[PDB]
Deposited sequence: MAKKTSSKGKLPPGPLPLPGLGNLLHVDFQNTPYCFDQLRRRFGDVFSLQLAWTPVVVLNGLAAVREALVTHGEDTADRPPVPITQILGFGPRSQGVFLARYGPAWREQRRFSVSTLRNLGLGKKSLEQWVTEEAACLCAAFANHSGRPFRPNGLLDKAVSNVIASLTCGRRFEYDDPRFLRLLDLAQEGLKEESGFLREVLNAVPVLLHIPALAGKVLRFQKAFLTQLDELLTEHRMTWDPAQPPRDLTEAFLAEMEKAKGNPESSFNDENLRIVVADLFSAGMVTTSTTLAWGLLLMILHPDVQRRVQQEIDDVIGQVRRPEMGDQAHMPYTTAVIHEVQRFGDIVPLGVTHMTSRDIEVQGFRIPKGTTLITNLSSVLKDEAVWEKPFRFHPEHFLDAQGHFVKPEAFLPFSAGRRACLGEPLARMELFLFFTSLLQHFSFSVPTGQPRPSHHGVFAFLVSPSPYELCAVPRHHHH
């Protein structure tokens, strides 16, 4: 079996793809890595061989966060029953709460609009408030409450989360994962994940309060209550993943996976609306013709707003916030584009190469909403639209994220006209790579309509 050819990062991989093709390999430290580029490669790996590519590479430092065999959360959980039980529970719970989450999102959108209006037309960076609105949607899903935009514990929670994102990058974490033995030195153990650990600690305090107000004689109001109820039925069952050590991990996974993604996406959205005011006006025209100017947007509006739906999809395509997705690990030998992938290889899915594929999209490096329209103005979704990846491990947040993007974006453009402040440089459309790819900082003016 022949192996893939091969010898900041997103540009580098797209460079190597040019040189060695769509499936190439690397040795990143002591990890054999295979990178997949383009729709064909990614689907072959994640769908056709989806059974064998749905594992995660082990992360030894998660011991520090209370992880264990039946306590792996969902995002990093190894392929196996502790992942599948929590995967199915979150997917189902999200779905059940639809029957609601939309009500929580819609209320949050009105809170956000009111917070935007308080800037009375003066320039401001939108990011802070977008984070808060998006964080309160997760708060609503997980604990059945929101927090005020100036609640002290709410702000510390978001602060801890931002600092915890940074801890995903570093020399220290790379060494400790390589040799988990170094974790016996307390000086090192206490430093690796101090912000993520502090987040969980702050979270415990919220979960303890929620556990006091839970009414178990009523149907669960939110996901923590659904979990607690499952935890009751599972007392006496050492096989269950429904336990107090997993609860805090699963809820931390939903916050930390769901905040920065949806928020960054919305930040790209507003930036592209001030760089392309003509798209903005067309969206505001479609809003006026379908929704009007008083009534709050509802999810039922989306099927009648093909242009707004195109724009929101193009924001995700152009924004391309998670260029390299989330790593997978193979649990069996597989074949991709002919090449042999050994068991235990880390797979990197180059989602950027799918979203920006020049063979598929008309002008992939332009902001071009017609990427999702046909000449008639019908919304069409190409198969290369994979901002959430594919297969068994594809973003379980996707239905909620879709709801948030549509209800936050259209609520905002319903009530405000957005522009570049009249004395500043046209902000760049080029992102800042980090954990996520986010817009380079900008301010905007939001004036009522």
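- Mapping the modelled residues onto the deposited sequence reveals missing stretches at 1-8, 16-30, 123-125, 476-479.
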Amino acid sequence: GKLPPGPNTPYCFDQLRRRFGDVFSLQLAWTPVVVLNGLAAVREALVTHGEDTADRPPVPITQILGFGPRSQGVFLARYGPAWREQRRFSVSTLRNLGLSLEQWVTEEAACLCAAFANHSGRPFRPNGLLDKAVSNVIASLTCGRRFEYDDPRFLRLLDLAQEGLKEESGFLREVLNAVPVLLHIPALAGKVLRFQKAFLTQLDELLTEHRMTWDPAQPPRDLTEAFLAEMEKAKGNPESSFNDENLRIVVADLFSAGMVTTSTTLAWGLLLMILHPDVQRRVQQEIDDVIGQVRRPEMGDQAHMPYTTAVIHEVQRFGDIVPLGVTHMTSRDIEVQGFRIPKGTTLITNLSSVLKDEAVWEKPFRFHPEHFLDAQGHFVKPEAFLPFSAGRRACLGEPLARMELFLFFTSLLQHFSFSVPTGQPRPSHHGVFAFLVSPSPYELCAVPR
From here on, numbers count along this sequence of modelled residues.
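Basically, rigid core = biggest C-alpha set you can superpose within 1.5 Å across the two forms.
- Here 101-109 and 235-243 are scored by the root mean square distance of their C-alpha atoms in 6 other deposited structures of this protein, with each structure fitted by the rigid core; the higher score goes to 101-109.
- Put simply, when the other structures in 6 other deposited structures of this protein are lined up on the rigid core, the C-alpha atoms of 250-258 lie farther off than those of the other stretch, from 81-89 and 250-258.
- When the C-alpha B-factors of 332-340 and 227-235 are averaged, 332-340 comes out higher.
- 205-213 and 190-198 differ in mean CA B-factor, and the higher of the two is recorded for 190-198.
- Ranking 423, 69, 387, 391 by Cα temperature factor from the entry places 423 first.
- Listed residues 45, 35, 28, 395 were ranked by CA B-factor as deposited; 28 comes out on top.
- Among all modelled residues in its chain, residue 52 ranks in the highest third by Cα B-factor.
- Ranked by C-alpha B-factor against the other modelled residues of its chain, residue 98 falls in the highest third.
- In this PDB entry, the Cα temperature factor of residue 122 sits in the top third of its chain's modelled residues, the highest group.
- Residue 293: CA B factor lies in the highest third for its chain, per the PDB record.
- The entry lists a Cα temperature factor for residue 114 that places it in the middle third of the chain's modelled residues.
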